[PDB]
């Protein structure tokens, strides 16, 4: 069969590039992907490598598109956007990327088994002195004269988690919302942020490849639950079982571990 697949750029899980200007095609290991709004684009990365393996193992063809209506998935006044919205409203058969499994989402779409471990971590400059996410600097923040400056990228599972588990801290953080990881790290490297709270799998990767190894993460410890990325599918989808079996097979064949090495490794430790 042929599946429609929604995705979203977040390096290095999904990396988007123009087609090779010489051949006009997607060269190397990249695959064609178009925009939801619709210039030819190509996608590659850890999740794209997973997607290629699923299509070959299970035997489906697919067209892949980039979501423009929001990002991962947020429910605003009864309506979902992002990758979750695409699957929920049956515009796509599945969505794959750095898509975190949570309770709110699982209520409305099915997820595959998780294939990347994630959660919530905090990034700080290697210099900054702060304990972790238990710290009062984070929790009770207007309690300091020049308060700690820390933010996240809003509208994802991280912000949902914080606003739900730590409502007081959330109303403070909102001032320090960032549009993308790229901007957050820039602000963090410049003192405009003291800390950046974000998806663990992505943040841990950013630290591992930070130029000069000047940025480090601290783990949430007990402050936040461990979770995973999963492929989103229609509630009741016939595709969940075969996708699961394939993923479980990759996970024990050492194919996922290989992909981890390929995509997610860095020089800093």
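Rigid core: the largest C-alpha set superposing within 1.5 Å between the two forms. Residue numbers count along the first chain shown, from 1.
Asker: Between 201-209 and 219-227, which one shows the bigger average Cα displacement from this form in 4 other deposited structures of this protein once the rigid core is aligned?
Answerer: Most displaced of the pair in 4 other deposited structures of this protein: 219-227.
Asker: Please establish whether a third or more of the other compared PDB entries omit coordinates for residue 49.
Answerer: No: coordinates for residue 49 present in every compared entry.
Asker: Does residue 61 go missing in at least one third of the other entries compared here?
Answerer: Counting only entries that model residues on both sides, residue 61 is resolved in every one of them.
Asker: Would you class the number of unmodelled deposited residues between residue 226 and residue 227 as none, 1 to 3, 4 to 9, or 10 or more?
Answerer: Per the record, no deposited residues are absent between residue 226 and residue 227.
Asker: Using the B-factors recorded in the PDB entry, average over the C-alpha atoms of 121-129 and of 81-89, then report which stretch comes out higher.
Answerer: Mean B over CA atoms: larger for 121-129.
Asker: Mean CA temperature factor from the deposited coordinates, higher in 131-139 or in 165-173?
Answerer: Higher mean C-alpha B-factor in the PDB entry: 131-139.
Asker: In this PDB entry, which of 144, 152, 98, 157 has the top CA B-factor?
Answerer: In the PDB entry, the greatest C-alpha B-factor among 144, 152, 98, 157 is found at 144.
Asker: Among 240, 44, 214, 53, which residue carries the highest C-alpha B-factor recorded in the PDB entry?
Answerer: Highest CA B-factor of the listed options: 214.
Asker: If you rank every modelled residue in this chain by C-alpha B factor, which third holds residue 16: lowest, middle or highest?
Answerer: Lowest third - that is where residue 16 ends up once the chain's C-alpha B-factors are sorted.
Asker: Give the position of residue 30 by CA B-factor within its chain, expressed as the lowest, middle or highest third.
Answerer: For residue 30, the deposited C-alpha B-factor lands in the middle third.
Asker: Among the modelled residues of this chain, does the Cα B factor of residue 114 put it in the lowest, middle or highest third?
Answerer: Middle third of the chain for residue 114's C-alpha B-factor.
Asker: Against its chain's modelled residues, does residue 204's Cα B factor rank lowest, middle or highest third?
Answerer: Its C-alpha B-factor belongs to the lowest third of this chain's values.
Asker: Which third of the chain holds residue 76 when residues are ordered by C-alpha B factor: lowest, middle or highest?
Answerer: Highest third of the chain for residue 76's C-alpha B-factor.
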